[PDB]
Amino acid sequence: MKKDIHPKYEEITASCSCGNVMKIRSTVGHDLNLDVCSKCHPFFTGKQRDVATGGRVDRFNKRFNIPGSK
Amino acid sequence: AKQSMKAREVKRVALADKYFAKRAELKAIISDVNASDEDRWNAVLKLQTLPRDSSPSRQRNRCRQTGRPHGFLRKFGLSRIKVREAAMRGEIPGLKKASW
């Protein structure tokens with residue numbers, strides 16, 4: 001405490017016991033060595049070794065591509 | 001010009017028949033969409049290792065009667081220079097000069 005400015009008592013004087021390991025916290029990763037990035041692999045953010053969705057078709061067994069007659 | 005690419009192409013057609021015939025749609029049957037819940041597994045994905053030279057995708061041809069560095073023409077079995085040369089001498093049939 002000072003004569004020209006005192007400490008306040010409005011929200012900052014409540015709950016003298018908490019923690020991360022004394023008490024629950026919704027967030028982790030506050031050490032410098034545990035922190036995220038959300039890396040997703042390049043050119044495999046989705047799928048590219050893919051199961052077909054532009055050339056899927058029923059099973060056969062020939063040798064060529066739309067040969068038809070010949 | 002230059003015989004080595006013409007030499008490659010002449011070997012290739014017997015090697016098309018030998019490697020590629022038995023392994024045409026086999027890529028598709030064992031790996032791609034024809035492999036609909038059948039195949040797609042390692043114990044069958046070793047079978048196609050012989051064809052690579054035999055493939056139609058390396059069957060470029062060039063000039064079928066001499067060889068030529070690019071500029072082949074598929075309807076004659078010939079090229080730019082060699083077409084004009086054969087036409088001078090009248091060896092090509094049906095041949096007009098364009099006028100209409």
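Can you compute log10 of I(q)/I(0) for the protein assembly as shown with the Debye formula, treating each Cα as one identical point scatterer, at q = 0.17 Å⁻¹? Scattering profile of the protein assembly as shown, log10 relative to I(0): -1.16. Shielding of peptide B:33-43 by partners, expressed as the average count of other chain Cβ atoms within 10 Å per residue Cβ, is 2. When the Kirkwood hydrodynamic radius is evaluated over all pairs of different C-alpha atoms of chain A, what value in angstrom, to one decimal, is obtained? Computed over chain A, the radius equals 20.9 Å. Loop-located chymotrypsin sites (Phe, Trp or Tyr not before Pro) across the stretch B:5-49 with a Cβ neighbour count of 15 or fewer within 10 Å are B:41, with loop assigned by DSSP. When only the Cβ of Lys, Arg, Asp and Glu is charged (+1, +1, -1, -1), the dipole of the stretch B:1-90 relative to its Cα centre reaches about 960 debye. Which one, B:30, B:16, B:87, projects farthest toward the positive side of the charge dipole computed for chain B from Cβ point charges (K/R +1, D/E -1)? Value computed over the given set: B:87.
Across peptide A:59-65, the average count of Cβ atoms from other chains found within 10 Å of a residue's Cβ is 6.
Taking the Cα centre of chain A as reference, the dipole from Cβ charges on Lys and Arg (+1) and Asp and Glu (-1) amounts to some 760 debye. Averaging over all projection directions, find the projected area of the Cα convex hull of chain B and quote it in nm² with one decimal place. Spelled out: convex hull of the Cα atoms, projected over all directions, averaged, 10.3 nm². Of the cross-linked pairs A:70/B:75; B:22/B:75; B:2/B:97; A:70/B:22, which ones have a Cα-Cα span greater than 27 Å in the structure shown? B:22/B:75; B:2/B:97, as the Cα separations exceed 27 Å there. Against chain B, whose longest principal axis is taken from its Cα atoms, helix B:3-15 shows a tilt of about 50°.
Cβ: placed from backbone, ideal geometry, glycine included. Neighbour counts: every protein chain shown. Each value in this text was obtained by applying a stated rule to the coordinates, not by laboratory testing.
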